[PDB]
Every structure is written in C-alpha cells, then in structure tokens.
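Chains as they are written, first to last, in PDB author numbering: chain F, 4 to 199, 202 to 237; chain N, 2 to 135, 149 to 244; chain E, 9 to 126, 134 to 246; chain A, 8 to 194, 199 to 257; chain G, 6 to 250; chain M, 29 to 240; chain J, 4 to 119, 127 to 218; chain B, 6 to 232; chain H, 1 to 20, 32 to 78, 109 to 245. A virtual CB, placed ideally from N, CA and C, is assigned to each residue, including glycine. Below is one structure, written out as structure tokens, with a few remarks after it.
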Amino acid sequence: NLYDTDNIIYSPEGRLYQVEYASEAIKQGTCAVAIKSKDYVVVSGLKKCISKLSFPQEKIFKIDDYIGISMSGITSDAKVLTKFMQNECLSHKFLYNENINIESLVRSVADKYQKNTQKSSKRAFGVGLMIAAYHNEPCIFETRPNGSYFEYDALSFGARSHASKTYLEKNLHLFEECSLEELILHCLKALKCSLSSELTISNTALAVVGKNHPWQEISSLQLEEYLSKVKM
Amino acid sequence: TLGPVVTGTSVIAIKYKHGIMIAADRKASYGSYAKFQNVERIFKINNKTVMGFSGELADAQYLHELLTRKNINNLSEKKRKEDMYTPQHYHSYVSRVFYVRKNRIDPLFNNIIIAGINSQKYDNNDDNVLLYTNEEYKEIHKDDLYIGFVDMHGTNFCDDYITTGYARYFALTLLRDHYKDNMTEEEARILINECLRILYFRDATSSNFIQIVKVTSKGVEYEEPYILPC
Amino acid sequence: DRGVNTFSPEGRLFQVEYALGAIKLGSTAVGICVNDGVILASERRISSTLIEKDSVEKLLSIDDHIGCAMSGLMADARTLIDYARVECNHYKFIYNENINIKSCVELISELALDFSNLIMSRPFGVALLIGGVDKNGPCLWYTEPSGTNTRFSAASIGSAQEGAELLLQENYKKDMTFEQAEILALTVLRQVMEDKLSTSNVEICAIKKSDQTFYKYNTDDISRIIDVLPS
Amino acid sequence: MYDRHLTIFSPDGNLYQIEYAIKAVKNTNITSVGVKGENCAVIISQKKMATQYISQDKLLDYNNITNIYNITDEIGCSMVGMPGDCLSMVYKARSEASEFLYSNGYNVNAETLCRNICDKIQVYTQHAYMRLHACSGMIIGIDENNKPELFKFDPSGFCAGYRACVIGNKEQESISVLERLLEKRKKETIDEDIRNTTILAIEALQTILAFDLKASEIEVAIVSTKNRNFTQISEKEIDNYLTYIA
Amino acid sequence: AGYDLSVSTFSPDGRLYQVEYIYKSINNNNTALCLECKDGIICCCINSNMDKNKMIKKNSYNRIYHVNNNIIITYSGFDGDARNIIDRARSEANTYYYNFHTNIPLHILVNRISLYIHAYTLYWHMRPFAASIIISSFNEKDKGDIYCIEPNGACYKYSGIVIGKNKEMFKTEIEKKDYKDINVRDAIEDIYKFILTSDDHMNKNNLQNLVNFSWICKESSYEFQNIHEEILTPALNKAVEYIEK
Amino acid sequence: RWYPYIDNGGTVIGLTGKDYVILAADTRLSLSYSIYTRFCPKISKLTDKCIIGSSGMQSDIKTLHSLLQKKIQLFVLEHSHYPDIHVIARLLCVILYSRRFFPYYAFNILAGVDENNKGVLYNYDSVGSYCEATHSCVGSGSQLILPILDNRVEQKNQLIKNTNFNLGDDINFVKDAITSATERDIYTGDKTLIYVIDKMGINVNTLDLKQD
Amino acid sequence: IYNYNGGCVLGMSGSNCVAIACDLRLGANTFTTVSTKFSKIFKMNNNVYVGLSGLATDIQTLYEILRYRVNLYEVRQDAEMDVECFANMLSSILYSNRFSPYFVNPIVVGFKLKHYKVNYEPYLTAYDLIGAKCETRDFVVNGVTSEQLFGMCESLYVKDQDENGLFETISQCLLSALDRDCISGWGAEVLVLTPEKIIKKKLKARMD
Amino acid sequence: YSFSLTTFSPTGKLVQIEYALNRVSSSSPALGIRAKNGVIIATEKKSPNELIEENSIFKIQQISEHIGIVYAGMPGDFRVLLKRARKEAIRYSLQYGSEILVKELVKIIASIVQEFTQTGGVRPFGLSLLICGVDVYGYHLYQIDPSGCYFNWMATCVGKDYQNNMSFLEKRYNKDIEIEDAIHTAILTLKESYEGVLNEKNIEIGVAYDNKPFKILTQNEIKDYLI
Amino acid sequence: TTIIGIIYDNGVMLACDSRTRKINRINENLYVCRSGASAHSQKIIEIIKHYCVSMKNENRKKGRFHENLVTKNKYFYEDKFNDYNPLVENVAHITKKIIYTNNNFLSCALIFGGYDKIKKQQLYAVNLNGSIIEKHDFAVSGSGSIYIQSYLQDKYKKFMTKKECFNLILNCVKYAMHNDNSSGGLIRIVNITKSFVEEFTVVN
C-alpha cells in the first residue's frame, strides 16, 4: 500500500514488495525450458517476435565453453549479467588455466543480485537466469531477483509455464537414462505445451551441451528434422 | 623485499610410482652463521599438493599463509571431492603473484616448487577432509602427477624432476644421468640421498639433517628427519 | 513521489514506460533493409521559413558505414549518437576492421540504462533506427529506452509509426531490388505525412553493399526518385 | 510533519527522539546501581535478558548473560539498553581507551572516556542518518590521585559525575533510597569499607527492586586501591553477603 | 503512524518496528535447530516450504555452512543476506589468521558478526539483514558453545535453540528431556520424530530430500561433516515406524 | 637494485607462401648458462587460422599469449565471428604499447592465413611496431637465420634466380635453418615444433635437434 | 644558490628610533647584474617592516603570501597588527614548506606598542630559511654579506642613539660591508622609522 | 542524501532556529556583566539532589588563560563547541604566538554555527554561548545564538525570564561599576530570577580580575559574597 | 647489544645488556627483549603493546568461571588460569606481519618470551625481515651473542633448574660483555613462570 515506495522497507507481513515485482517481471517474460539426462543438458526457448517484419530476438546466449544460459525478463539486466559471467569465466581461465567451478560463478552472480537488492538508491534485476553447464556432471541452476539459487533436474521460466511444468513432472522419471534425441524431443514437447500457435524453425531456439559435446546451437536442418518428428 | 638475509639452500622434487617424493634440508642460514638448523622448509597446502622453498624465509612464510588460507577458503566452499583445487591451480596462482610483484618491483627472493597429484580417481581422502590431526599404496600414472617451478621473474614450466638452488647443477646432473620412470621408493630415496650427499660435501649452505616428504594415495607423509649416512 | 528506479506492481519501471510515452511523438521516419543495401528517411518536420533547414538534420552517421534516424527528445539523441561514434572509432583504433552494427546498438543500449546503478540520472527518452553494412551483410536495428533492441527488415518510428508499419507490412517483399526499396520508402513516407512530398520536405540516406559507405541523397537524387514515383 | 521522526527540534524545543530512546532503555527493565566510598567503587546489575520478543528459555546458559563489561583492566562499565547498542558502545569505549593509551602513553581516565562517548552521542544526535544508541551506562575507575570515581551517561550525551546513581525504571523513586543509605553511612579500614560499600549496593538494589535477589540472578564488580583492577565477584561470596543482609 | 517506515526512527513507545517486521519474516521462513550432545553437536535444517518444488535434486539445497572446518554456521531467513554474512565471517576469520596465525575464537566471531549486523540497523539507506544466524562448535575440553545472533544484534549462548516456523513446539519437545547426556548418534531418532510431529507439511517421502544434517563430534575428529545416508536412513526408518505405530 | 629482465633465450622462425605459412620454434627453456627443461613450447595457438610465437622472458610471453587469447575469446563472444589476423595484429600492437615504459621482454611473430587464403606474417619488437613480411625471425638466433632467409626468399645479389617454391621445399629449408642455428647458437634448443597452416586447417609436427 | 641574486639587509635600533637598510642589486648567473632598484625592504603595516634576502622569486612570493595574511588580519580584527604576531606567523609560513623551502633568509624590523599614552619599544629579529627565530635587541643582519655586517656593527654600534647618528652608523656599516662583497651592492636605501615620521634616503654608494 | 533540513518557510523566519531559541528560553539561565576593571559570567545550576557533585558538571569553562564562557541549552552541544573553540585558540596561538582575541574566536564560532544551520543532514545547535575575555583592547562580552550571529554587550542575561532579568539588570547597572558591585548585581539578578532560595553549590560564577587569569570562584568565596 | 633467551624447566628466562632497558613488558605473562635500532624497536614496541591491549580486552569472556647485587622484584599474575591473557604465538605473528610489511625500513631482531596455557613456556625469535622461528632450546640476537654461541651450545641441558639457568645466562652475558665492545652496564634478567614473573638485575 505504502511499503512499496522503496526496496529497503519491510511490510508488516515482512515482505519486500519491489523484489516480488521484479519476480513478476520475470513471470511476464517469454518462455524457456531446460532438461538434463545423465550426460547432456538441453536448453530451449521461444524467441519473441513482435511483428512479421521483426525477426526473432535472441533468447539463448553462450557464456563459455561447456557453459550457457537462457533468458526471461529485462534484457538489459541480462546483458549486464552475461558480460559479468563471461568476464569471470575468461578471467578464471586466464589466471589459472582451468575451467571455472560453475557453482562459484552462480554464487558470484547471486552476490551481485544481493548487493543491488540491499543498498538503497539501486534496483534488483528484473531477470532470472537458467544456467546450464557440464562441470564433470550435467547441471541446471536458477537465479531469482533476491539473492538465491537452486539446482534442478528440469525448469521453466515465465509465460505459460504451468503446462510445461505439468508435462515435466508427468515425465520426469524417463529423462534420466535416455538418449540425446529423445531428450531434445521431450524438450520440444514441453515448449509446444507452453505454446497452447505453432512451433517453427525461426521462432524457437535450441542448445545442447554435454560430455564431449561443447555448447553449440542446433542447425536449421537438424532443428527442422526434430520439429517434423514432433509433428509426426 | 629488499634483499635476502636468512636463506634456505635447495629442494629436490621427483615423481615416481605411487606418488612423488620431495626432500629438503632443515636449515636456514643467516649469511655465513647457520643460526637455525631445525626449520620446516617443506609446507603443505592440502592433501595432494605441497610447496617447496629455497630462498628468503619471510617470503616463503607469507606465501605459506596465502596458500594455506586459499585452501581454507576452498574447503569453506566445498561440496564434493572434485571441487578441491589441483596443483596446477596453486602453481598458476604463485606464478601470477610473482609476476605481479615483479611488475610492481617488490619481488620475493624465493624459488618455489609446487607439486602433487592433479587427479581424484585414486583415493577418497578429500571427500571428508581432516586438517587438524590425522592400507597399501596405489600406483599413480605420471600423467596424473605434476611438478612445477616458479622463479623470481615468474618463469615457470613442468617436468618429471625439478630442483632449486645449487641442486640445479649437482642433483639435476645426477637425475639426468640416472632418473628412470616408475622407480620404487627405495631407488628414489637412494637417488635423493646421493644427490643430497653430493650437495652436503660441496655446499656450505646445505646440511645432512634432511627432511623427506611424500605425496601418495594415502596423502602427505612427513617422515621422521634423518641425518644422512654420508 | 517515487524514485527513478522504482518498479511498478506489474514489474515495469515507471520511468522507462514514461520514456516510451515520449517517443510516441516526434518526426516520422522509415527504414528498409534489402540485399543490395539499407535505406533510411524522415519526414523533415520543417519549422517556420526563417530556419535554414541545413542545421536541422535528422539523418546523422555513427561512422562511415552506419546511418541513423532519431525520434523523441533530440538533445538526448545527439548525446547517444556522440557516444556511439566515439565507441565505434575506439573499435576502429583498437581493431582495424569496421565495427558490426549489432555491437554498436548493444553499446547504445548499454548507455541508455546507465541511470540504473548496476553517471546519468534518468532514461534517455530516445528511439533510434540504426542501419549499416558489414561483412555479415546489410541490416537495420531498432532501439528504445527499455534497452531491448530488435532487428528488422523494415520499420518506422515517430508520430505516424503505426500506419507506416502497416503499409510496410502490406507492401514490403523479400528479394527486393534497391530501386524498389527507394520507391517503397517514399510511397510509405508520402502517405504518412501531413504536407505534400517535395525535395526539401524529405531527406534520405543509404549505404550500398558495394561501396560500404554512408551517402546522403542530395536534391537531385531526391527529385529523380520523386519523378519516377507512382501515384 | 516529520518534526519528531528524525533528530529535529519540535515547535516547543524538544528533540523527542531523545526521550524515545531513553524510554526504550527503560523498557528493557534491567536495573543497574553504582556507588563509591573511600578507595573503592562498586557496580551492580541484574543477570537477565532484556525485554523483547525472545524470552529466557531453559537451554540458555544464564552465566553468559551479563550487563557488566569492561573497557580496560582499571576501568569497568555497565551498559543498559538494547543488546547490540550496548555491545557497540563498549567496543567504542575500548577503542577510545586503547588509542588514548597509544597516543598519550598512559591509561585513560574514566571522566575523559565518558566525555568522549558523550561526544559520539552528540554526533549521533546532530546528524539524521545516525540513529540514536539506546544504551545508557555507568563507568567506574580510580584516577592518578588514588581516589574512586563514578560517572554516568544517557542517550542525550549528558555526562556527569556521581557518587551514587541508578539506571532503569523507578530511578526517581530510587534516588531517595541511595540518599538514605548514604546518609546512614555518613553517620574505616581499607578492607572493611569495601564490605560496607558492597552491602550498601546490594541492599540498595534489594530495596529498589523489592525481592530476594538470588545470587545467580545478579552480578557485582568493584575497583579499589587494594587491587585497582575490575574483578567481578563470585556467586558464593555474593550469597554470603546476602545472608549477612538477611 | 510513519514511525515504522525507516529503521532509523524510534517509535513514541521507544521501539523499532522495522526490526519486528524482520523478526516476523524470519519466524515464517524455513526453521533450523542446533543442539549439543556428549560426543558433539548435531544441527539440522528443515526446508519445509520447498515441498511444492518437485524438480529439485535430493538434498542439494543445504543451508548449513562452516568456517575453518571446525565451526558450524547456519541460518533461517533470506539466503542472500545470510550468504553475505557467511562471507563476512570467512573474511573476519581470514583477517584473524593473517594477523595472528591462529583460528579465531568463536565467542569473538559471534561478537564481530553481531556488530556487522547491528551496524546496518542505524542508517535509513542501508537495508537491515533478514536472517537469524546460529554459530556453534565443539571440542573435547571446553564442550559445545552454541550462540545465536539476531537482526537486533544480540548474541546469547545456548545449549540448544530452534528458530523459524513451528519453533514453539520444537522447543516444547527439546525441553522434554536433557540432551547433554544423550549421544550424538542416537539423537537423530529424536530429531526425526520431532520434525514429523511439529511440522504439518512433511511425511515419510519428504524426509530424505528436503531436510539437511551435519555434526561436529569425536567421530569426525571434531570437524565438520555432512552426514552420510547410511546413518540417516536407519534412524529415519525407525522414526517413521515409531510414528506409524 | 633488482633488474626485472632476463633473456631465457630462444629462436622462432617464420616463412610464408602463396596459400600457406610455416612457423617453427624451439622447445628449450633456459637461464644464462644453464637449462631448466628440454620441453617448453613458445608457440601458442590463438584461432583456427592464426598462431603466435615469441622469444624472451618466458613469463611475459605466457602472460601475453593468455591475455591475447582472453581478448580473442571475448571478441568472439561479443561479436559472433573469429577475428582476422590483421585485427589480432593491431590488438597486440595496442597491448604492447600499453606497457611502453615497463615493456614486455617479448619479440613476437604472428602467423596465419587471411580470409582470402593468403599466408601473412607479422613481426614485432618489444614496444609494438609491426609490419607484414614474407620471412622473419626473432630471439637470440635472429641475426644468424635472417640473412639466410634473405638469400632464400628475396634472393637478391643473384642473376639466374629461381622462384619455383612449394610447401615441402619451404619446410625442408626451415628444418635446415633451425638445425644450423642449433649448431651455431647455444640458447637455440633440442626439439622444435614445425607448425604448418593451410586452407585445410592446421598441422603440427616435431623434430629432434642437438642436445648440447 | 644564494650567490645567484646575492643580496644583503640590515637593521639597527636606538632611542625611540629604528633603522632598516638594504642593497638594491638583482643578480643573474652570479657575476652579472640586471637591475639597480630591486628593494629588499617592503612596507607591510604602519609600524612594521620586513627585509627579505635571497632568491628574488622567493622574495616576491613570500611578500605576496605575507601581504595576503596581514591584510586579512587587519580587515577581520579591524585594528593594527603587532610585530610579534607577524614574526610568529612568518616563522610558521617558512616552516610550512620545511621540505622544498623558500630560499630566503628574512628579517623583521618595527615598533612594539605598549598601551597604558603609549610607548614605542624597538623590536628586531632574524630568521633562517625555516624560521629559526632569535630575538637580538640590537643590530640584526642577514644575507650573503652577513659576516662583513657583523664585523662592522660591533665596532660601530653605540647602544641607544639619536636617529641622525643611527642613520650615519647603519649607512657606514652597510657601505663598508657591500664594498667588500662583489655580488652585493649597487646602491642602497636606508629607512629610519620613528613614531612621528619615517625618513627614506638613498646613499651615494659604489654602484659600479 | 545530504540536503538542508533547515529551510526558508513562507515569510522565512528560520523555524528550526526559532525552535532553538525556544530551547534556550526554557533552559537554565546564564548572565554576564562587563565592569570598569573586569568581566563576569555567572549562571544558576538547578537545585541538585544530594547524589550530584558540582565538581564534575561545569557550565563555566575557560578556553584560554584570559577567556571564559557560559551557555544555556544542550550540554553536548556546549561540549563540542568548547572543544573546537579550544582548537581555534590553539591554532591561532600556534600561528601568531599570542592569546587569541575575543572577536576572532566569536567570529569563528559564529561561522561554525552558521555552517551547521546551512549544512545538509544536520540541525542547528540548541544553546546560546556567552563568551567573556580580556585582551589588549580592553574587556569584552559577547553572546552567540543558534542563528550564528554575535552581539556585543556590556551586561546581559539568557534563559528563562530573560526579559525581566534584562530589565532588572538595566535598572541596577552603571558603566563605571566596580567589579564587586557587578558581582552583587549578578547575585541579586539571579536571586530575583530563580524564585526560590540560593546557597553555595546552587550558583556558579566566573570572573577575570583585571589583566590576570580568568578565575572560577569556589563555593567558599561565593558563600563569602552571599553574606 | 647482546640478547639471550633460554627455556628451562617450568619457566623461561631472558637477558640483555644496558648500553646504547631493553626488556619491555607487553603484558604480565609476556615480555620481549629488543635488539637493533632503538627508534624502530621502540615504535614497534608501542604498536605491539597497543595490539596486546586490544586483543586482551577482546578475548574476555562474559560471565563467572572457575567457581654482586641481585636486587629483585616479584609480580604475581592477576589473571589466574590464563583466562584472558593473549597468546604469545599471536603477538609474535602480528609482530612478524608488522616487520614484514615495513621490512624496507624496519631493521630490528626481537626475541619474545611468555607463558601460555596451550603450549606452556615458549620462545619466539623474530629476525631481520619477517622471519619467525620457535626455539625450543635457546635464542640469541645482538652483536655480543655471536661470541657465546658455542658456550651456550656446550653448557645447555634439556631440563635445567632455575639456579642452573640463572648462572648460565649470567655468565653468558658476562662473557659477551667482556668480549664484545658495544655491550656493558648492569645486566637485566627476567624469569617468567606459570604463576609469576620476577625481575632481577645484576650490577657486576
């Protein structure tokens, strides 16, 4: 009512309204979905297209070899976070000649979330990141506008995420111990459930990373083949 | 920071089967006085890594606090054994520190060796770590082992045997003559004793009261110091 | 009543949305991108006749190979353009090659959100239609105060931007010739003016694929385009 | 509007934040009495938790609770108020005493330390972004002339000397008690007068509070010329003193 | 009446409402219990609110951290504010060892952490920390030393404490018997039974993928150790078997 | 009173062709009159069609190469295309001149193949000056090999002349040159890595030299 | 460094009469002069005078710094400033650049007022290049030609003296001192302040 | 974040400074008299309970050998002002090697009070200093206010009922008054102002006897004067 | 300057010369003997006494617990059981840090002596630069200690009595005074034990 003027004021219930509004900005963002099996973490997302003359926006981004993210929320904040993570991994590989520990990077970005939530005259980021990597194990992490992070078998962000989450928990048991092709297929079923109005090569993004498989977006021909397999 | 005052002599590090072997004389000379004849010159950062020392003692002590507390920070943000930092990590860290101090012109009058095991598929010591207080040896491939070097100027490399100080002329010659691969513990200790005997007989700053440390599947083993047979 | 960086209950920033309100008024401009190059134009909203009309220019050049078209608060726009050309020449110094247009718009969007501490004091209130040519190919880009930048085959900004987008949607087609693009741009621009189209009443720029160089059309080229313009 | 939210003068010339902090100190309902004689100075306080949402639970080491701290070997203090504010205040006192020893080479006087803490409290009052420290307290010590000294300060920054004083609720009613016992005393060995002062302090706290004062629930400390150091007295010895009073 | 909008403002009754709101937020967050025993201390955290999230891995979310591998530190509240306070505790321990070449005493560490938390409740611009922290250790000579720092900036020593949701019924079960004479290994039965009893959100299946554990006792040579499943699952099965009967 | 500069010593040889570039370097590290190790490659791969070699202080060349690889990887991340060799050359020029007053003890050679399938070769000093060439050498042996490359490639002070050159003859010439340097210079080395770049990627071989 | 722009100053006391004098040379490269008007004496207050000897740029810079401080003091206090206060402030200014100092060896000459009528007490003092004050109560000399002036004054000083005899004494002392220094001379000026008046006179010196 | 809490209202009037004068008017009074051969500062302290000792609290202080001061308002404000005034006198003596003039000290403290009125994130000082001293230019007596403005007096009173005390002191005062008569008028003025009964330890006096150090009278001398 | 420190049974001793009070009392259970430059040593002695008072205040727990001429002084410890007295390892290591960070200027060899509950009698030798070594047998510093290095090595025993260490350290400093030229004056000796410290000087 009057405890949402600033980000430094706890309500009588004891809630930061500004951080909740940043989470609301994440929830109104475009869709995304990630899945992992035993040796592969697949990421996909619906690229926003505001007009037929407009081209699809970039949804999936690459941070480092064997690490990548997906986006849902304010895009400039995602730009800042991407530059920070890219600089952190490249600096680590500079000074130490080894790949960075992924959860240390997740703690670093969560600290950057925290210091902006905490002090006044600054805002929390209106974005959540869907971090996927292979640091000797497939892994899926999450970030929120409050300083916080959790690890998932599968995840979805914004838009009609309820349909995707229902499909994922309906089929979570079969994700482990299946090949990469069926994994990509299941990720496409989850995104098609989020559509509710058709999936095409242009309007969807897809990325794969795993053991002996650096981060590489799927080509147009392979993505068209998988889309035709989903249609059949 | 301005010049050496209290100086250690030299160290030798060699890799063999079941781990690596590093040796050093326990003495720090105040020029031509030999004030201290019982000094711990080989340090430990964690299991599967050690730090050598031949030079000014204050700089080695400062680097010992830095390295061991970097290991403390590693443990404080650890969840699995693979998250433990390798000898390559610490060797690169010391190389960057020496390079930065060179650029600032405030060097460390030391010649460091970092060596250990850069693999975790051989023992389960790091899953539940024991800093304060503390079977059969498992043979270790030489590729999984690592020995490194750091110069005053930050120069660095890796090899199957690394020595510092005056041992870079005597002991390096003996190793290049005689060092084989996958020698047992007895042959390695014989070679180290021969090199240190040659150093004791032709180096004032060295001595016979030797410390010997091993880094194997069981972990870092500070054996009893021994006077050389001569 | 509230600070600059205060979220709304719906998760939108108030200052950003008010800046989106500011770009809704301004001089109309149209952009078209084709295989042979890119085209930009503006309605050239002339003031009273005592103005020279040379100083009042809407189509500036970030670099040799980049154009632009402004909308909204224009002094803020010139500040963004100045920072953009400074950073592009910084790239030209640090790297021999010419800067890609995507990186330029990313830097412009990075400056636009500088008011959020994460120095400036408020959003810039500017929408830009940047266009250029590089090794990847000819393209044009859209910028707005919220920082999101989207890449287009044809677009428009300013006051009559909605009707311009509708006519571009109806008329634009792929695999187009550059002359077809010029006459299309002038037809859309003429339909969305208030005043009759003429030579001084419009300005055009283009960056050819072969030349890879900014080139603002003069009065003769504009009159030549108008004479072959259908009606 | 907003005349009393910050450290600002209200239309009547009353910084209302001062009395709000003072009554916040009173709401902790921990009493602390001090008193001095000749060559001794005794300070007493209760071994309880302050009044707030958390209550004293069974798995709470009651010995660890204490409202008496110390700044230096020769100087002690008893802070009453919010816990964090009292801890910050003793840390600031430790800082001023230790830099006084560094700069001037000799141990600080309790009067000077009281003035310095009063000046920091003035700095908190003068500025708006400084919240007031809701922590009043006593300081005791012995000066270079080998005589005792007792000083008090409030959140107003008003440092003043004393020979008997009380912090907490019923202070105005409690002033009569200290005056009565001091007049009774006015109507001695180096050790006997220590005993007289200690029974006077415990009797004063008994009369002010009006219940038995179990020795586990209180805490007593003293500086004298026999020792000159701030040593807090054990529970059994306090029990012996209480039985003497009974 | 406007006195609860800023932490720097005292109420007319002399009371900071802005810290009370933080206390109410902490009380509604996930609960944590930390008590001592003969062999050592065992300390637990019950992540009841994440029962809805079914896609989280088994026991990945762990709120129990440590400093120097001989001091448990945990919390009940905001994750980020807590983690900032953990990193500050690591920094103070680092400064102490660089200065002195000795591990920091715990009773000093809690004091410094309380001053750090207290230092943010006296500026309008700084947001006070929304996290109640428990620090504890154990050694054979001096026995366990459990403390708890709060948003107010108050540190008190405890022989056992619970904070967060359901804390009144948890303590109502902890004073049911004296745990100073009960061993660390067989207290896991009691804790499992108490979390089943007090909390009205957990069942048999939630018990092995939401709740965390660790101890610092003689069996780990008085150093930190997250508990292995072969010790948890016997006592978990016996506890749910007792509750079913 | 500490001089932060030591010549570890070495040599890097470079030679070009119509659609290829050959770069060769030692694999010895050393001090003034003593050798540390018999295997220390100075060539660092930067891109798919570019490499960099150096000579001088080992730490400086390692830091410079890893820093340049950091800048290249950040460039690919920000701009979504690999940088050309001229771009890398200008970037290395700016990096070197940033430390003008405490310069890197690193004499660099930058080899690769342009987008038009042309083998380029840039040669550097300590401070940052650079110029394209068809042949260059740096390090301790630079004065030895550079006249030989001038005789072979430019082939001035000759009348009959012969420009018919191919990849195998150029490689064999580089092997002859590095062997002559190893005979005629003490810091040169004992094993050398002949990097060869072509339109069809990169290949690397190794050769064994004298151990003295 | 003081050979470059060699100079000398002098000041004596008497019976309700005080004198100050200086040479008018400005040097360059030691052994070639460029001016014969550079007065080292600067009036600063109705009954305070200051004689600055050393490097010319430091002389001028110190004059403007002291004039700033002085005129500030009379404007704020709205009253005439004392000799002792000016001397202490001068010593503080010279000490404030203890490292990298002003290469100038100044003096202070004036009257001390003792109100009750009023009595004018003579006051004289001298300084090093840092502010090593030393009250003297008689003749005060400072500069490269200081030794010659010290030699002259003791032979020629007659304790308290009339202002005419004081002018003869200080003039002969300065002229005999400057004749024996090659890098100091080229005319002179003699200021003889009294409470009633001040007499400023220039001497027919060996200016050549 | 630094902004002026003190600001001009409609018609100005500096409402915070007015509230500071309201604080001064309610605080315990102080006064001072300038005589032919001396100056006095005197003030009554509240009738103390037996636990207070007057040898700890002091409303009369000395800044230098010849300069005294008394206030009426908040004590911590007076403490910090007194300490900084001591620093000002010390730096002036370090520069010019003499005891500080009364006028220069009054100007500097007035400028500091104005700086605290003008500076953001602060409030004015809630007191009114009354500085007295002796120097080369005779005797002086000055009065600082929360506004940061100084007034030169020959006899003045501050605090509760200050208008009536001013009128009474105007009734009984002469320019050529002796120092003892000035002390007697101070005693009678504060006696009329208190509306009660006085004695030693209830009043405090400071005085500068001619060109001599500033002196604070003990309770014995005040008891001698009261008889 | 001669400086000698010897560990004997249930205690520790220190010694110096009086030529230019070299032993300085940081705390009751903690004494330090200074060698090298006077000004450098006195500055770091002021700073280390400041740090000792800081940690001694800081490590205090909350509540109640534990329910020729040989002119000599004795000072019994106020703190029994070493409840809040700082540890000599801590004070020696911060001293090492202070000398190391300012080793470009600071040139002073300090030897520390005190009793701790954790590790009993101890003897730490802070050298030129930031080098610290714990000596279990004996410690030496100063010019005059150079000549008695073999004498101390010969006549030292593992578990010496108070009188044995008294006579040995006294003859040690006397021989150093006799040989070395820049050492003289009355000898000062300090014996630090579990429960007391006694200061006694020798004028011979």
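In terms of alpha-carbon separation, which member of the options lies closest to residue i?
i              : options                                       : result
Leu198(F)      : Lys118(F), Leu49(F) and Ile38(F)              : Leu49(F)
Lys211(E)      : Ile54(E), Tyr26(E) and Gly29(E)               : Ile54(E)
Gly37(M)       : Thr216(M), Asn231(M), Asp236(M) and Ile222(M) : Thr216(M)
residue 148(N) : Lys232(N), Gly179(N), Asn207(N) and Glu153(N) : Since the numbering of chain N jumps from 135 to 149, residue 148(N) cannot be located in this structure.
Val42(A)       : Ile57(B), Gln66(B), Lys92(B) and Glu205(B)    : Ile57(B)
residue 3(B)   : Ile232(B), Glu197(B), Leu110(B) and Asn225(B) : Any property of residue 3(B) remains undetermined from this structure, which presents chain B solely from 6 to 232.
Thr146(F)      : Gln221(F), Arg110(F), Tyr43(F) and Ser207(F)  : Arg110(F)
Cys92(F)       : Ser75(F), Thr78(F), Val112(F) and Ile77(F)    : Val112(F)
Using the C-alpha atoms, what's the distance from residue j back to residue i?
i              : j         : result
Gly131(F)      : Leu21(E)  : 17 Å
residue 121(J) : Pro132(J) : Along chain J, the last residue before the gap is 119 and the first after it is 127, so residue 121(J) carries no coordinates.
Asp18(G)       : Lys176(B) : 48 Å
So is residue i buried or exposed if we call it buried at 16+ other beta carbons inside 10 Å?
i              : result
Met85(N)       : buried
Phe41(J)       : buried
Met8(A)        : exposed
residue 131(E) : Any question about the placement of residue 131(E) has no answer from these coordinates, since chain E jumps from 126 to 134.
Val202(B)      : exposed
Check whether the Cβ of residue i lies closer than 8 Å to any Cβ atom in chain C.
i         : result
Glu105(E) : Among the protein chains in the structure shown, which are F, N, E, A, G, M, J, B and H, there is no chain C.
**Request:** Mind the definition here: the segment 109-116 of chain G touches the segment 192-210 of chain J only if three or more C-beta pairs lie below 8 Å; say whether that holds.
**Result:** No: the two stretches stay apart, fewer than three of their Cβ pairs being nearer than 8 Å.
**Request:** Determine contact between the segment 55-63 of chain F and the segment 176-190 of chain F, defined as no fewer than three beta-carbon pairs at a distance below 8 Å.
**Result:** Cβ pair count under 8 Å is below three, so no.
**Message:** So within the segment 37-109 of chain J, which uninterrupted alpha helix (DSSP H) runs reach at least 4 residues, ignoring any that extend past its ends?
**Reply:** Fully contained in the segment 37-109 of chain J are the following alpha helix (DSSP H) runs of length 4 or more, in chain order: 59-80 and 86-99.
**Message:** Ignoring anything shorter than 4 residues, give me the alpha helix (DSSP H) runs that lie fully in the segment 42-107 of chain N, in order along the chain.
**Reply:** If only uninterrupted alpha helix (DSSP H) runs of at least 4 residues are considered, those enclosed by the segment 42-107 of chain N are 58-77 and 88-105.
**Item:** Length at least 3, wholly inside the segment 129-184 of chain G: the beta strand (DSSP E) runs in chain order
**Value:** As far as the segment 129-184 of chain G is concerned, its whole beta strand (DSSP E) runs of at least 3 residues are 136-142, 151-154, 161-163 and 165-168.
**Prompt:** Unbroken beta strand (DSSP E) runs of length 3 or more, entirely within the segment 204-243 of chain E: which are they?
**Reply:** If only complete runs of 3 or more residues are kept, the segment 204-243 of chain E shows the beta strand (DSSP E) at 218-223 and 229-231, in order along the chain.
**Item:** Segments assigned beta strand (DSSP E), at least 3 residues, entirely inside the segment 150-195 of chain J
**Value:** Taking only runs of at least 3 residues, the beta strand (DSSP E) segments lying wholly in the segment 150-195 of chain J are 150-153.
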